[PDB]
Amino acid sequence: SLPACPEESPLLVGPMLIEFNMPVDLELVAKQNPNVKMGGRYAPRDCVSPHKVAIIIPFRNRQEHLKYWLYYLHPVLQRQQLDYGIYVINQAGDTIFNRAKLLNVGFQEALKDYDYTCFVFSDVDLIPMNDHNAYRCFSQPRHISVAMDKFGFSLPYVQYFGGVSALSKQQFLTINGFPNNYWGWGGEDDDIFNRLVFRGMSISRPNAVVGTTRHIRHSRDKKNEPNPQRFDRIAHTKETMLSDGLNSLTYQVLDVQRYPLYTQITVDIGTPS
């Protein structure tokens, strides 16, 4: 019998200063975040959060971005009073990148740790500027990174659903999760948007001030070149989503490391079939 947490956290400070030009030492971040437990798990000591959140980051060869991510998000996620865990889904090998398949791995593997009922899918290079931007689920699928600096602090188009988002366990299951066959850059977030609409849902978003988000500038990743089949794929989601996703997923976990501030799941997700 801890009480429920207040519906909105009283700890929040709003707008925050974010910068990416200093070094980050995860040992020190760990000491600055003493309440974050092994594998990057935290729940509040004083009340029970209804938000059981697994944060899923698709990842390969972005360790520097990830330290920033961890330095900025951990304090924010605790102020939001979430019962949360961080999962970095690391794609083994050096073949073409598959953001959405790694996201599916994250959903399925996090569920083996704990009864999570909310999933935040976050690119590793996106940091929220205002802690009023809730990193948890809503009654409709939630788009979080709504006002990114690299798109002029607004949406690049109104159906944009990339960057950072949150789906309840029921929402993600309803759309058969995410597509597995978007290899290389582009389109998979649009396909996911399509899925949600085809299943009767609409996108919920904070306002453009609360939703303000920074992207860490970086040059192009090798092995994630624009997918030329992306425009064709997103035109057929309605039919393809029925049998491409959670119900067609396999992968092989090579390694799970519990670090102080995150669990990292190293996974072989194959190449195109």
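Each residue number is its position in the shown sequence, starting from 1. C-alpha atoms forming the largest set that superposes within 1.5 Å between two forms make up the rigid core.
Superposing the other copies on the rigid core and comparing 180-188 to 149-157, farther C-alpha placement in 6 other deposited structures of this protein marks 180-188. Put simply, when the other structures in 6 other deposited structures of this protein are lined up on the rigid core, the C-alpha atoms of 231-239 lie farther off than those of the other stretch, from 59-67 and 231-239. Note: missing coordinates for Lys223 occur in a third or more of the other compared entries bracketing this position. With 218-226 and 40-48 compared on mean CA B-factor from the PDB entry, the stretch scoring higher is 218-226. The PDB entry reports B-factors from which the mean C-alpha value can be compared for 200-208 and 28-36; the larger average falls on 28-36. Across the residues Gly187, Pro179, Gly106, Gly93, the deposited record lists the maximum Cα B factor for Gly93. In the PDB entry, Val253 places in the middle third of its chain by CA B-factor. Residue-level temperature factors show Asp131 in the middle third of its chain, judged at the C-alpha atom. In this PDB entry, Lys112 carries a Cα temperature factor that places it within the highest third of its chain's modelled residues.
Sorting the modelled residues of the chain by their CA temperature factor places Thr237 in the lowest third.
When the modelled residues of the chain are ordered by their C-alpha B factor, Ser122 lands in the lowest third.
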